[PDB]
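Colleague:
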Amino acid sequence: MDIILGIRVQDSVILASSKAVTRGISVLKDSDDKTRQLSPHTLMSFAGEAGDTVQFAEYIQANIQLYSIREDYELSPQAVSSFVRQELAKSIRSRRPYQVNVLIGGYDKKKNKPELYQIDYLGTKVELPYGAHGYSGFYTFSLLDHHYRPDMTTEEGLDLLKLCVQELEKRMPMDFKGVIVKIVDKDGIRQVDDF
Amino acid sequence: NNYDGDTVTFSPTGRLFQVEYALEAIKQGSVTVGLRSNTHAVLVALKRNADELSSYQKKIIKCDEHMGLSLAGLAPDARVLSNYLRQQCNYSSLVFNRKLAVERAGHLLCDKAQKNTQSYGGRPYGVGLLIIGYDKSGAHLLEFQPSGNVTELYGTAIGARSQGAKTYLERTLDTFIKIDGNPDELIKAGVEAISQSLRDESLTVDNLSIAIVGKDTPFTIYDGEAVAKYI
Amino acid sequence: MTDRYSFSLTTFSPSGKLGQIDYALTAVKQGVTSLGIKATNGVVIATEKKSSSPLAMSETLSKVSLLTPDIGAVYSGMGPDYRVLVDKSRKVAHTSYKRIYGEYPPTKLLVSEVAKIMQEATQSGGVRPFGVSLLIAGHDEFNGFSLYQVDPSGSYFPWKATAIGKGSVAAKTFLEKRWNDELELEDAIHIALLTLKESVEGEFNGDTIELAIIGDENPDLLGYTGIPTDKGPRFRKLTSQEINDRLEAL
Amino acid sequence: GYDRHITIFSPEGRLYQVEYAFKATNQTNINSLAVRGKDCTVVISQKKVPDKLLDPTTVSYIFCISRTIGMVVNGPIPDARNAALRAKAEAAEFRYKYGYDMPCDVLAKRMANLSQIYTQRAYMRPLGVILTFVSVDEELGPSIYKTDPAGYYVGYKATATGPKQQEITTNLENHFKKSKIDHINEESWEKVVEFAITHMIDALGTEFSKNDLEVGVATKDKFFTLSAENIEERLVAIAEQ
Amino acid sequence: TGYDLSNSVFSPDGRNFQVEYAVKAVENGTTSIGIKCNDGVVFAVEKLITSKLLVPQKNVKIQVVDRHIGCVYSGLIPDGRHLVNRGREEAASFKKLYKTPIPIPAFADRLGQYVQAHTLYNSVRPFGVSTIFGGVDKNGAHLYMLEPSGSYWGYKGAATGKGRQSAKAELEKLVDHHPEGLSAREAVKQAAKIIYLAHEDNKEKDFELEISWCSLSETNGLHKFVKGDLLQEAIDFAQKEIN
Amino acid sequence: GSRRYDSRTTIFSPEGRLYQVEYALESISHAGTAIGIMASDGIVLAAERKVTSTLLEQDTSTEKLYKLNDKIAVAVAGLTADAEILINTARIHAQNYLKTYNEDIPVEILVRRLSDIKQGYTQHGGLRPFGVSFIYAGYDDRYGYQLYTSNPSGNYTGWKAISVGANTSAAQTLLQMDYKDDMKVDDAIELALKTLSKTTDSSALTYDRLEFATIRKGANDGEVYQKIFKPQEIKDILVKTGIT
Amino acid sequence: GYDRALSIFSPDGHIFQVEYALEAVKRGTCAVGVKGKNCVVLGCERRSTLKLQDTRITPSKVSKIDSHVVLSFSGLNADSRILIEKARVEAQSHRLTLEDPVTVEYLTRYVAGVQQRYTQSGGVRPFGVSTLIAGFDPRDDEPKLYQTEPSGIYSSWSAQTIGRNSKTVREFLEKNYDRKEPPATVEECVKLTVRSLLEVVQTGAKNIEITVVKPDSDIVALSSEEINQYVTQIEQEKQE
Amino acid sequence: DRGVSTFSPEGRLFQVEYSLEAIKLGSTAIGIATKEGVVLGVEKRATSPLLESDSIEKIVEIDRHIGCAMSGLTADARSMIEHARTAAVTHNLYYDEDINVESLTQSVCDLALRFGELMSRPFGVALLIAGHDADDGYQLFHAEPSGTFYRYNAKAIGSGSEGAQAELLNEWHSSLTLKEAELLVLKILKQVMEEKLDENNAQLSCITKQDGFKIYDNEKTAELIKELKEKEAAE
Amino acid sequence: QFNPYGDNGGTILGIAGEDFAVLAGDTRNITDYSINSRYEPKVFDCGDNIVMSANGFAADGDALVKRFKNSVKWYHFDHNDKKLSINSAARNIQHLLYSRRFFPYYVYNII
Ligand SMILES: [Cl-]
Ligand SMILES: [Mg+2]
Ligand SMILES: [Mg+2]
C-alpha cells in the first residue's frame, strides 16, 4: 500500500495510514484500515506488496497475543519491535521474502513513555520522534523538522499531522483517499473518527 | 514355545512358528476349490456368514481381465495382496503393453510374502490364495501360501475340510483336464469337488460363489441367482 | 537392519544407582595404575607400560597421548575405549574451538568437551558407557598449569595430584604426604617415579614406564623458525634414557 | 542375565560377548605365524583341506589387501572375508583421499577402531577374528600389526595366533633372547620363509608337506602369496641341511 | 542359557546357535547337487511330487543369474529366491560399471557377504538355505556351495539337503576314478544317477528330476536347462544303474 | 529383536507413578545438600561438596554452583555431568531470548524451558531421565528476587526458602522454623550456613567442604551483582557467623 | 526413532497404561468446576504440605488458554504444561485461519484429541492428567464446562470434580446442585464451589483457589481474604 | 515382552482379539435396515446425573446419505469419523457424486490393520455404518478393528449384543416399516439397558433417501417411547 | 535449449444430439511441414460408453488418455463395477489435468 505516517508526542504516539486499495487501474476500496493491534498498548501500521502486508501483520499479531496469554504480561514496545525486526531480518534472506514496511507505535507502561519504531522490509530498525515509509518522508519530514517539539500535546500532534497530510494531498500525484488516524497512550488505543 | 514370539526366530529344529501359526489361520477359513482344463480355469468358493441377518463374506477377487484369485484366511491380507497383483498386472500393461504371465504373478507374490518372514517388527500374511488365469501359454492355476511357497497345479483346494475336495480332484484328474470348450461342465466338476468338503450345510443360492476365465472368456464372477443353475 | 536400539541401556535401579556406570568404574579399578602430579612450573603424568607379550613392541602402544601442543592425557581401564576418545578429543579441539577462535582450547574446556562425549554414552540409545578414567594435564595462558580427572559418568574434578586404577588408594595416600605448593617440576617427576614403583611388580625402567610432562615451551620441537610469538609445544614425552637417568638419583 | 547377550558391562566390568568372540577365533583349528627379516616380512599359516570334494586352491585365510599390505586371519571364513573386504575398501579410500599408500599400522588402527565400535554399540556384534597385518612400510620398514575383537592392536617383532599360539610364541621368544635383535638377520626372503617354517615345525612338532602350508611374503612395494611349488622348493632346502 | 533365542549372539562356545538352527531347515529340504566337469558345471535337484495334481515340468527350482551362472538350493525355497534376486542385482551392477560379466569367484563373494550380513544383527533372521552355484568365466569353470553362516568354498563336487551323505559318497567316487577329468555329457548322466541314488532318503513320495548345465563346448558358456531327449537319456541311464 | 532388552523408561506403575523419575529422586537424595534462601534485598545459595580430599584443587573447582547469566544462577544436586548438559542448554536459551527481544530473560521463562526438557524425557524417547534437581536463584524487573526448584519429573515450584539433595526433610523443618518474611541477606547467609551445619553428615562444617553464592542489589545503584564466594571468603564468613 | 508400543490391549480388553494414567490423576490435588446461570467457577486445592512457598511466582492451577477460556487440571503438573501450551497455540491458530476465537467445545475436542493420540502412538505414554475446560463462546451468554481424561473421551457437565477425594465432593455436588435452578448469582456459585471443597480440603486458609469466569472475556481470580470471607460465613451457618 | 502383530497358536492376532473384549464392555448400539430406511439407536450411559447427557455424541453424521453409531472406546472413533468424512467429501470432489456405502466402509476398514512397531495398537471401537445409495439401496454395515466388515439386515453391538442379536433374529422381516423399526430398536434397547430407558439416556436416528441422515430430537423420541409402552400394554 | 513440447496438428469435433453423441477427428499426424502418418487414430473408446480425444501434443494426449482409461479400470475395482457416468468422468479428468498445473498437458480434450 501507499502512505503510513507516525509521530511521538509528550504522552502518546499517533499513527496515520492511507485508506486506498488499488488493483489494476481501479480503486477497489477507500476505507481500508492498514493496522493491527498487537497488544492493548501496542499498535502496528504496515505498507508494502499486495497480500504480504496483512499476512505478516496477522502473523506478528498472533505471536504477540500468544506471548501475552502464556506469561499473563504485556511485552514492552521495545521488545515487540525487536521481535518484529528479527522476523524481517530472517525474511529478507528467505526463498521469497515478505515485502513489508512497518511502524510500531506503543506506550511503555513501565517507563510511562510513548515510543515509535520504524522498521523496513530489510529489518532496519530505528527509534524516532516521527517517521514514515516510502516517498511519504520526502514531502513531510521538512514540516516535521520545522514544527516538532518533544513536549507537544496530542492535539498539537494532530494539527501538525493535518499539515503533513495537506502537503501530501497537494504535491503527491497519487490519490490515497485520506487517512485513518489512531492514538496510542496510557489508556490504550483509540481511533479519531473525524479527520 | 520360546521361539514363537516373532518371525525373526528359528526353533531348534529349524522351524518358523509365526509362519506356521499364519498357516493355521488358513485352515480355519472357509473352503475354496480351484481347477482347470486346457481351455478354461475355474474357481469355486464356499462363502461364510456371521449369522442369518448377515451377508456372506466375498471370497473371490478380480485382478485383471485375464487373472484373479480366491481367498481363505484373513480377508484384509487378501485385499493387500490382490491390490499388489492389480498394480503389477497394470504395470506390465502400461509399460510393456503386455499381459502379466500367471507364473510371474506367482513369483511376485512369493517374494512379497517372503520379506515379511525374515524381518523384525512385521508379520507374515495370514491368508492363502488360489490364483487362476489365461495367458499366452494357456490356462493356469496357482496355490499361494504365506510362507512364500507358490505352486502351479491342475487342481487344488484350501480351507477347512479341504482334504475331501483335494482327494476327489486327485481321482478325477484325467477327466476334468479333458473338458475343453465346455465351461458349464468344468464348473460342474468344481461344484461336485467342493461338495466333498461339506458337512451339515449344503450349497444354497447366496452361499455359493463361482469364477471362470478362458480362451475367449474374461475373468467374471458369478453370485446370487447366476449360480442357481449349478445347484 | 537399522540400529533399532534407540532406548537407553543405562537406567536407574530402585536404589538410585546407575548400574552401567558403576560397572564401568569397576573395569577402571582392574586397570593398570596411572597418576598425575602438578608442580609450580609444570605438570607430570605417568603410567606403567603393561606389555601383553615380550614379542610385542611396547613403543608402538602409546598410553600417554598428545591432545593439543599444551595438553596431554593418560588413562586407566580399557585401552581401546581410550584410543577412540583421544581421536574424538583431538578432533573436537579443532571443530568446536580452533576453527572458531584460531587458537587451541584451554585445558578446562577441552576436558568439558571430553566429559560431554562420555556423558552422552551414559544416556544415549544403544550404547554402553566408556570403560575408562582419564587424567588430563595441560597449560594455558590465563589459567596456568592444571590437572583434571574424568570418569565414565562424565564427571570431572581438578586435582593438585592424584592416581587412578589398580593401586590408586595406596598411591593417593603416598602423594598426600609428599605433595606441597612449592614443588618444582623435577621434584614432581621424582615423586611420580617413587609413587609408581609401589604399584609395579616386575621390571621398573624407561622401557616399562611411560611418562610425559607439561612444562616450558619447546622451540626445538616446533619444526620452524621466524615467528616470535610461536615458541613451541609445552607437552613433552620423556625418552627411555631420560627416565633411566632419574632412576639412578632415586 | 542379558548382560551376556549384548555388549554391555557385567558386574565384574567385563564384556562377555567380546570374550566369546575371542573363543570363536580358534574354531578353524589353524595356527599362524609372522616374522620380520631385514628387507621383508613373512607370514605362514597351516592349511587344512579335510574334504576331498573341495577345490584346494580356493581354501585360503591369507588376503591381499593392497599392493603393499597383506593380511592373515584367525577365525571363521565369513567374518574373515567381511574384514578383508572392508580393509580393501579402506586402503583404497585412503590412497584416493590422502595421495599416498595406506601404512600397515594405520590400517590396523582403523580396523581396530571399527572393532571397538562393535564392543560399545549394541546392535552390532563383534567379528570372531584376529587380523594380522603385514608389510614393508616405506617409513617404518618391516611391520607386523595385529587386531582382535576387543579393539586392541599393537606392533610386533614377531607373532603367532591360534590354538597352539603359546608354544609358537615361546619358541620365538627363546630365539630372540639368543640373537638379541628385533628381526631375522637374513638377506633373502626365501631364507626368512625357511626360518618361519622350521620354527613352526619345532614348536608344533609336526612335519609339513607342500599342501599343508600357506605362505605370504611382503617386500618393498609388493605383497604376494607363494604357490604350492614355491613352498615345495622351500621344504626341500630345509630337509637338505 | 538364552543364547539361542537371538541372532548374532555368541554362546560361551563362540557359536551362533541361530545359524546352526537355520542349517536344520536346510537338512530338512530336498536333495540338490553340483558337479564340476572339464569345461563347465552341471546342476541337478530332487523335486518331490507331493500330489498327482502337480503339473509336470512347471514348478522350476533351478534359477539362472545373468546368462552364465546357475543357482540351485535346498531348504526354505523363498529364502533361496530372495538370495537369487539379490545375486541378479549384484551381477547387474557389476556388468553396468565394469562391462564384463561377473566372474564366478566375484559373484560368490557378493552372495557370501550378503548372507554373512544376516548373521550380524538380531533384527534379521539367517538364511534357511544352502546354495550350490557356479558357471563359466574368462578363467574357466567354477563350482561353489554357500551355507547359512555365509561360509563358502570352491568344489569339485557339491551336495546338500536330506540326501547329502549318500550324494557326497557318490561324488567322492567320481573324483577318485576320474583324476584327468569328466566330460559335460558324462556329468549330466552322473548327476541323474546321484539324484536317483540320493532319493532313497526321500523314498516315500516319488519325484521329478531336473537338470541344468553350463559348458564352454556344449552350451557356449551359457546356462541352459537339460530338456527332451538329453534329459530322457539321463533318466534312462539313472534307472538302469539303480536296477 | 531389540525389544527383549528395552527397560521401558517412560511408563506408569500400577499406582500411577513414573518408575525412573522416582528412582532418579532416590539418587538425588544421596547428593550433597543445597540450600536457597530468598530475602527482601537479595538471595543466598549455599551448597555442600561431597566427601572431598585434601589433594582436590578447590579454588578452580565447581561442582555445585553454576552461572546461567548475569542475573540468574543455579545450585545442583545429583549427577554433575547430567547437570552440565542442561546448564549449557539454559545458557543458550537465555542468549536466544536476549537476541530476540533485546531484554534479559525473565527467570520463570528460563525455568519453565528447562523443566519442559526434563518432562520430555519422562514421556517420550525411551531414554533415562536427567538425575538432577536444580535450585534457581535469579532476578528480573517483573517479580524481583525469585527462588525456584525443578526435579527429574519436570515439575517446578517457587519458594521463599528451600533445600534439595540429602536431608531435605530435616533441612526444610529448620528453615521453616527460623525464616521470616522481613529477613535480610546477611541474616539469610547465617541461616543457610547454620542449617547445613546441623544437617551435614560430616563431623564438622569447614570452608573446603562448601560452595557459596549471593545475588545482591548491593551493587552500585539500581543493578544486580552475582558473587561466587572464593575459598578464603567462605572461610571468613564461617568465622563471622561463629561456626568455626 | 523410539517406536515401542507402550499403550496396548490386555487379554481382558484393558489398556493398562491409560488406566494407570487415571491413577496419577487420582493422586493429584482436587479440582472442581461449577457453572451458574450467568457464570462458571473453577475451584482448586493447594496441598499444605508445601509451606515456605512463594505464591507470587508458583505456577497457578488455573490457566488461561485464551481471553475467554480457562483450563484447570488434576494429575502430573509437568504433563499439564504440554497440553496447555498446545491448546494455547491452537487457540491462536484458529483465530488466524478462521477469524473467530475457538468455542469451548472445539478447544476441549482438540485437547481431548491430543490425549487420545498419546494412547495409540508409538514410543509415548499417555498424559497423566484430567482437565476441566470452562468459558463462554464468542457472543454467547450460555456457560460452558467440559471435562477430559487420559483416554481422550470428553463430555459436558453442569458441575464436576476431579483429583484426590473427588468421589466425596462429587457426592456433595450431586445432592446440592439443582439443574432446574442453578446458582443464579456469582456469590451463590462461588459459595457452592467453596462449600464443596471444604468437604475435602482440611483448612480453609491458603489451600483453596477460586477463579470466576463471566461472559465477554471477564475473568478474575479471587484473593485470600475474599475466599476467607466465604469460609467464615459457611461455618457460622453450620454451627446450628 | 511380545510383538504387537503376533499370531496366536490358533491363528488369530492377539491384539485384535483383545480389542474385541474392550468393545464388549462398551454401551449398546443397535441398527435395523428396512426398505423405507435404516434406523440407528444407542445407549448413552451417563456415569453421573450431573453429566449433561445431550453432549454424549455416540451417533454421528458422515455424509448426508451416510450415518454412523459407535460402541467401545469411543475416543478412538474420532479419527475414524474424520477419515470417513474426508473420504466421503474427497470422492465427491473427484467424481461429482455420492460415494457408495460399501466403498466408504471399506475405506474406514483399511485403517484397522495399519498398526505395528503407523499407530501402535488397533482401534478399541466397533462402528455401525448405515446409509443409502442408488446402486444397492438402504444398507447397514458392521466395521470391526480386524479390518473385516459384514453387511447386516439388523445388528447389535456392545455389552448387551448377544441378547439383543437373538431378539433381532426373531423380530426382523423383509417387510418392516420405518415406524416399526424405530419401536423395535427402542424395545430391544429397553430390554438390555441397566437403567430405565427414556429420551435422555437413549438416542434414535435414521437415514432416508428423501431427508437424508437425521438425529432424532428428545421430544420426538419421547413420543415413540410413549407409543411403545401403550402397544406393549395392549396385549 | 530443450523444448519439451511439440505440435502434432489435427482437429477434433464433438456434437451432442437428443439421444446420441458424436466425436470426430482427422487421422493425420504432423511435425512442422512433414507428415508422420496418414492414419494415426486420435479418438478412443475408453469404456463405459465414453469416447475421448486429446488434441495438440500427441505425447501428452496419449498419456492423458492412457491415464483416464486406467482411472476407469480402478473405478470398477474400488466401487463394485459401477458404471462411470459422463459427468463423473469429466470431473475426474479435471483433476488429472490440474495435477500438472505447472507443467501442463499441452492438449485440448473432449469427451
Ligand atoms: Cl577411525
Ligand atoms: Mg527504516
Ligand atoms: Mg555389540
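As they're listed, the protein sequences go chains D, L, A, Y, W, V, R, F and P. Each residue of the first sequence is one higher than the last, beginning at 1 in my numbering. Each residue of the second sequence is one higher than the last, beginning at 196 in my numbering. Each residue of the third sequence is one higher than the last, beginning at 427 in my numbering. Each residue of the fourth sequence is one higher than the last, beginning at 677 in my numbering. Each residue of the fifth sequence is one higher than the last, beginning at 918 in my numbering. Each residue of the sixth sequence is one higher than the last, beginning at 1161 in my numbering. Each residue of the seventh sequence is one higher than the last, beginning at 1405 in my numbering. Each residue of the eighth sequence is one higher than the last, beginning at 1645 in my numbering. Each residue of the ninth sequence is one higher than the last, beginning at 1880 in my numbering. Where is the CB? At the ideal position from N, CA and C, for every residue including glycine.
Within this structure, are the beta carbons of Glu-1578 (chain R) and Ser-1692 (chain F) separated by less than 8 Å?
Modeller: Going by C-beta atoms, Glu-1578 (chain R) is nearer than 8 Å to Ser-1692 (chain F).
Colleague: Determine which residues of the segment 123-153 of chain D have a Cβ less than 7 Å from any Cβ of chain V, and write them out in chain order.
Modeller: Residues passing the 7 Å Cβ filter: none.
Colleague: For the segment 1800-1862 of chain F, list the alpha helix (DSSP H) runs that are entirely contained and at least 4 residues long, ordered along the chain.
Modeller: For the segment 1800-1862 of chain F, whole alpha helix (DSSP H) runs of length 4 or above, ordered along the chain, are 1805-1815, 1822-1836.
Colleague: Cβ of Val-1236 (chain V) within 8 Å of Cβ of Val-1292 (chain V)?
Modeller: Yes.
Colleague: Out of L:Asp-201, L:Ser-225, L:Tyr-216, L:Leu-230, point me to the one whose CA is closest to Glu-365 (chain L)'s CA.
Modeller: Checking every option, the nearest Cα to that of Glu-365 (chain L) belongs to L:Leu-230.
Colleague: Strictly by DSSP, which residues pair up with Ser-968 (chain W)?
Modeller: Answer is none; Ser-968 (chain W) lacks a bridge partner.
Colleague: Whose Cβ in chain R lies nearer than 7 Å to the Cβ of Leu-1822 (chain F)?
Modeller: Those do not exist, as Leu-1822 (chain F) stays about 30 Å from chain R at its closest Cβ, beyond 7 Å.
Colleague: Determine, using beta carbons only, whether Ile-69 (chain D) comes closer than 8 Å to chain R.
Modeller: Judged by the 8 Å Cβ criterion, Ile-69 (chain D) is in contact with chain R.
Colleague: Answer yes if the segment 1342-1356 of chain V comes into contact with the segment 1370-1377 of chain V, meaning at least three C-beta pairs across the two stretches below 8 Å, and no otherwise.
Modeller: Short answer: they touch.
Colleague: Between the alpha carbons of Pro-1463 (chain R) and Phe-141 (chain D), how many angstroms are there, rounded?
Modeller: So the two alpha carbons sit approximately 50 Å from each other.
Colleague: Any heavy atom of ligand 1 closer than 7 Å to the CB of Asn-285 (chain L)?
Modeller: No, Cβ of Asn-285 (chain L) sits at least 7 Å from all heavy atoms of ligand 1.
Colleague: Taking Cβ-Cβ distances below 7 Å as the criterion, which residues of the segment 1740-1755 of chain F are in contact with chain P?
Modeller: Correct list: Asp-1740, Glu-1741, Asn-1744, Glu-1746, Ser-1747.
Colleague: Are there three or more Cβ pairs, one per stretch, closer than 8 Å when the segment 542-551 of chain A is compared with the segment 1194-1204 of chain V?
Modeller: No contact exists between the segment 542-551 of chain A and the segment 1194-1204 of chain V.
Colleague: If the cut-off is 8 Å on Cβ atoms, which residues from the segment 1483-1511 of chain R count as contacting chain D, listed in chain order?
Modeller: Flagged, chain order: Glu-1489, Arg-1492, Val-1493, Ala-1495, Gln-1496, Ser-1497, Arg-1499, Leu-1500.
Colleague: Might you give, ordered along the chain, the residues of its own chain that have their beta carbon closer than 6 Å to the beta carbon of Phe-1793 (chain F), omitting 5 neighbours on each side?
Modeller: Result list for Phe-1793 (chain F): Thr-1749, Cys-1753, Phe-1785, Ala-1787, in chain order.
Colleague: Would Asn-750 (chain Y) and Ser-791 (chain Y) be called neighbours here (beta carbons separated by less than 8 Å)?
Modeller: No, the pair does not count as a contact, with Cβ atoms beyond the cut-off.
Colleague: Whose C-alpha, out of R:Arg-1485, R:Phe-1531, R:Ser-1471, R:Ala-1482, is nearest the C-alpha of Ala-1495 (chain R)?
Modeller: Of the candidates R:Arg-1485, R:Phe-1531, R:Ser-1471, R:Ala-1482, the one whose C-alpha sits nearest the C-alpha of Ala-1495 (chain R) is R:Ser-1471.
Colleague: Any heavy atom of ligand 1 inside 7 Å of the beta-carbon of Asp-727 (chain Y)?
Modeller: No, the Cβ of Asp-727 (chain Y) stays beyond 7 Å of every heavy atom of ligand 1.
Colleague: Using a cut-off of 7 Å between C-beta atoms, extract the partners of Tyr-449 (chain A) located in chain Y.
Modeller: Chain Y residues near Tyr-449 (chain A): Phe-685, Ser-686, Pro-687, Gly-689.
Colleague: Could you check whether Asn-1887 (chain P) and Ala-1933 (chain P) sit closer than 8 Å to each other, using their CB atoms as the reference points?
Modeller: No; because the gap between Cβ atoms is not below 8 Å, this pair is not in contact.
Colleague: If you run the structure through DSSP and keep just helix, strand and coil, what is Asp-1898 (chain P)?
Modeller: Residue state, collapsed to three classes: coil.
Colleague: Under a three-way DSSP split, which group does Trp-605 (chain A) fall into?
Modeller: Three-state result, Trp-605 (chain A): coil.
Colleague: On the three-state DSSP scale, how would you describe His-985 (chain W)?
Modeller: Coil at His-985 (chain W), not helix or strand.
Colleague: If the cut-off is 7 Å on Cβ atoms, which residues from the segment 1305-1316 of chain V count as contacting chain D, listed in chain order?
Modeller: Taking 7 Å as the Cβ-Cβ cut-off against chain D, none of the residues of the segment 1305-1316 of chain V qualify.
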